[PDB]
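For the record, the sequence lines run as chains A, B, C, D and E.
Just so you know, the first sequence maps onto residues 17 to 53, 58 to 112 in UniProt numbering.
Note that UniProt numbering has the second sequence beginning at 471, numbered continuously upward.
Note that UniProt numbering has the third sequence beginning at 1, numbered continuously upward.
Just so you know, the fourth sequence maps onto residues 1 to 17, 22 to 97 in UniProt numbering.
Just so you know, the fifth sequence maps onto residues 471 to 495, 503 to 564 in UniProt numbering.
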Amino acid sequence: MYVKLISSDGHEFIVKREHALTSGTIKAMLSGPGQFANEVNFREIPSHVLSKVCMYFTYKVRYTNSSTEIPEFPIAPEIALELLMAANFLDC
Amino acid sequence: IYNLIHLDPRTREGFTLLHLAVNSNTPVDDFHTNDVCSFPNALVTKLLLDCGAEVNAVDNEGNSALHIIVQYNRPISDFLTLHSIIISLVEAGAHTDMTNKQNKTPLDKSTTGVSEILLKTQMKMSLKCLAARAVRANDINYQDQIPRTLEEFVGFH
Amino acid sequence: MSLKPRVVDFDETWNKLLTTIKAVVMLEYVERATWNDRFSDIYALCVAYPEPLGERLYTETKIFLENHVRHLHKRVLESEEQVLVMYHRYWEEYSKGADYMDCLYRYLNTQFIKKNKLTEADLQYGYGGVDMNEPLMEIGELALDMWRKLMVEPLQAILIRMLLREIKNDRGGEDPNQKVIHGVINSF
Amino acid sequence: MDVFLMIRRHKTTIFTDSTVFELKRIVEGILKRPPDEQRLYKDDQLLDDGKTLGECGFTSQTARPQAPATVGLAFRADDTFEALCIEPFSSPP
Amino acid sequence: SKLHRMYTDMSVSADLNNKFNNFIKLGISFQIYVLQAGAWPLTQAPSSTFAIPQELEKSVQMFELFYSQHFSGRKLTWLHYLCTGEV
Ligand SMILES: [Zn+2]
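Here it is as structure tokens:
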């Protein structure tokens, strides 16, 4: 029910798996012999951007076709390019 | 119909089959304007999409077959047709937010009230698009830093 | 950042990739950390700083699959009258291998193949095609289409003849293994 | 209850969405460690077990979907959990 | 013409009821109608705002919860004086 994400920095983030399955790439990575039983490690992603990605997961989870205005997702200026890069490899 | 959409039928200003089909069909006359060939009809566009016309066909003003729909003047007239055509257009992966020249989000160019809301019922939030808008908000170098494919993607935003 | 376009050896990367690929297709256990590490080499190849290299990788994977299917065809056609029980083994292996392989090439499928893929619409009503080329297809599509092209066509008459013969044996009352025959028929 | 909360141990982060003892039981179930051994230090201040959400003094304005409330947890160190900090994440260059 | 739109109402009402279960996938037995206000001769707007019982409010909140998604731009009208239930 809970899945572990390990960044290249070394920090480990535990997340509800129903949240994590939003991104197709993670779903495909779990599929296959690596059934892991879970924990997942990325050799190149730094911790902070992956934390922002996790916050994106939970923020999308909170509001789905929800009524009224949806609060915008704050973006830091420098990390914008890194987020654009990291969008592909997770395909969220 | 398929052999015709395969060659580019593009007119002088840049319109294609879809763009003519969706907007107001001005040259209807001599009993074509009567009892037949109602402009902004749905079945013709459905057939055209089924035959395999390009959905997000670029326009010289970048109306992109979506900014045309919102500028429909009276929405109550043939309202169900507008709902069906929006459902069909969001089908087959038409990017919702597409800006050419000055930033023309279809939400902004839309000025018909409830129709706007209909588009809001169909948008899907993606981290890629949102981040692309955020980086577009600033002025950041994106030449040779990112992979080739996303240059055209960041460029779209 | 290690997600920036860069220059790496195609040959050296393929050497390391093939070792994992061969173990995967044979349903043999592979280390999960190795699987996760290999999953990034695909992106590293698909975005190379000088020029993209997906085209060569496509044909390389194709030729590897063809070599393996040729070996399997040799082994199967070597045995005579034991094909019934042999068919199920390597069909079971190859199907799971193809599914996992299709899972593993997800980025290549999503960002490369679909752009040059033939739209299903023109394959149906449009027609419009007569070139002497094989258009780019899905990895699983390659696997299955190739498997039909290179193995079942040469070795179909004797298989169907023995299946029909076994049907008479069942009509006699005796019941052979229903699972094997059912899987063979379902393979079609 | 509908509170965006985070737990930060050294090389460990927990995301979760009405008393402190309930959260201690939840994290016990997550990590299989006794709840009394663990403890919470909000702004380097121990939180008594059973402290309900209302008296925590932080509501939706603090617990945000994009900016969840961050909470430091002193995991048990020998007898009790004190002086435990998470290593800060790498900052962009 | 007015008679023609009478018959379509039931088919519309059934479709509006058949398309009411998707996104949910109460403690009471709930069977209700969704009418086309533009067709039925029920133009008597309720002059009194009847406070819905709290037991039925959960279904009412459930009712307006899903009507937005697959019926976009459509506004609901509650005719409580016509709705009935078993106690
Ligand atoms: Zn976008």
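No residue lacks a Cβ here, since even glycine has one placed at the ideal position from N, Cα and C.
Residue closest to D48(D), alpha-carbon to alpha-carbon, out of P97(D), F85(D) and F4(D): Selected option, being the one with the closest Cα: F85(D).
Below 5 Å from a heavy atom of ligand 1 - residues by beta-carbon: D567(B) and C599(B)
Rounded straight-line distance, which links the Cα of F540(E) to that of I494(E): 10 Å
Uninterrupted beta strand (DSSP E) stretches inside the UniProt repeat "ANK 8" (531 to 568) of chain B (no shorter than 3 residues): none
Start and end residues, beta strand (DSSP E) containing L5(D): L5 to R9
Closer than 9 Å at the beta carbon, the chain C residues around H476(B): One finds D122, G126 and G128 in chain C with Cβ atoms closer than 9 Å to the Cβ of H476(B), taken in chain order.
Near-chain B residues of the stretch 16 to 37 of chain C - C-beta to any C-beta below 8 Å: none
Uninterrupted alpha helix (DSSP H) stretches inside the stretch 475 to 538 of chain B (no shorter than 4 residues): 487 to 492 and 513 to 521
Assigned exposure category for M132(C) - 16 Cβ within 10 Å defines buried: exposed
Nearest residue (CA-CA) to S2(C), options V47(C), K117(C), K96(C) and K74(C): A check of alpha carbon separations from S2(C) across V47(C), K117(C), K96(C) and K74(C) identifies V47(C) as the nearest.
Proximal chain A residues relative to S94(D), where beta-carbon distance stays under 8 Å: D25, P66, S67 and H68
Where the beta strand (DSSP E) through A78(D) begins and ends: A73 to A78
Short Cβ contact (8 Å threshold) for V3(D) with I14(D): no
Residue burial classification, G515(E) (beta-carbon count within 10 angstroms, cutoff 16): exposed
Segment limits, beta strand (DSSP E) that includes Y18(A): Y18 to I22
Sheet register partners of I30(A) (DSSP bridge): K20(A) and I14(D)
Proximity test, Cβ basis, 8 Å: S71(A) and chain D: yes
Top-ranked residue by Cα proximity to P72(D), from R9(D), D17(D), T12(D) and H10(D): Selected option, being the one with the closest Cα: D17(D).
Proximal residues of chain D, C-beta to C-beta of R63(A) below 9 Å: Within chain D, no residue has its beta carbon less than 9 Å from that of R63(A); the closest one is some 15 Å off.
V81(A) and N58(A) closer than 8 Å at C-beta: no
Short CB-CB distance (under 8 Å) between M45(A) and chain C: yes
Chain D contacts from the stretch 75 to 86 of chain A (Cβ-Cβ distance under 8 Å): Listed by position, the residues of the stretch 75 to 86 of chain A near chain D (Cβ gap below 8 Å) are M75, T78, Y79, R82 and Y83.
Candidates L51(D), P69(D), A81(D) and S22(D), of which the one nearest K72(A) by Cα: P69(D)
Distance, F490(E) Cα to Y544(E) Cα: 7 Å
Where the alpha helix (DSSP H) through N67(C) begins and ends: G54 to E78
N61(A) - partner residues in DSSP beta bridges: DSSP output for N61(A) lists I22(A) as bridge partner(s).
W35(C) versus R106(C): straight-line alpha-carbon distance, rounded: So the alpha carbons of these two residues sit roughly 14 Å apart.
According to DSSP, residues forming a beta bridge with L44(D): Under the DSSP definition of a beta bridge, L44(D) partners with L77(D).
Nearest residue (CA-CA) to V492(B), options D505(B), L519(B), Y612(B) and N504(B): Checked all of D505(B), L519(B), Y612(B) and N504(B); the closest Cα to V492(B) is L519(B).
Endpoints, alpha helix (DSSP H) assigned at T84(D): Segment: none, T84(D) is in no alpha helix (DSSP H) and carries neither H nor E.
Unbroken stretches of the beta strand (DSSP E), 3 residues or longer, contained in the stretch 574 to 599 of chain B: Correct list: empty.
Extent of the continuous alpha helix (DSSP H) to which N186(C) belongs: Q178 to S187
Cβ pair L556(E), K535(E) closer than 8 Å: no
Residues in the stretch 150 to 165 of chain C having any Cβ partner in chain A nearer than 8 Å: none
Reference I34(D), options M75(A), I22(A) and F29(A), closest by Cα: With distances taken between Cα atoms, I34(D) lies closest to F29(A).
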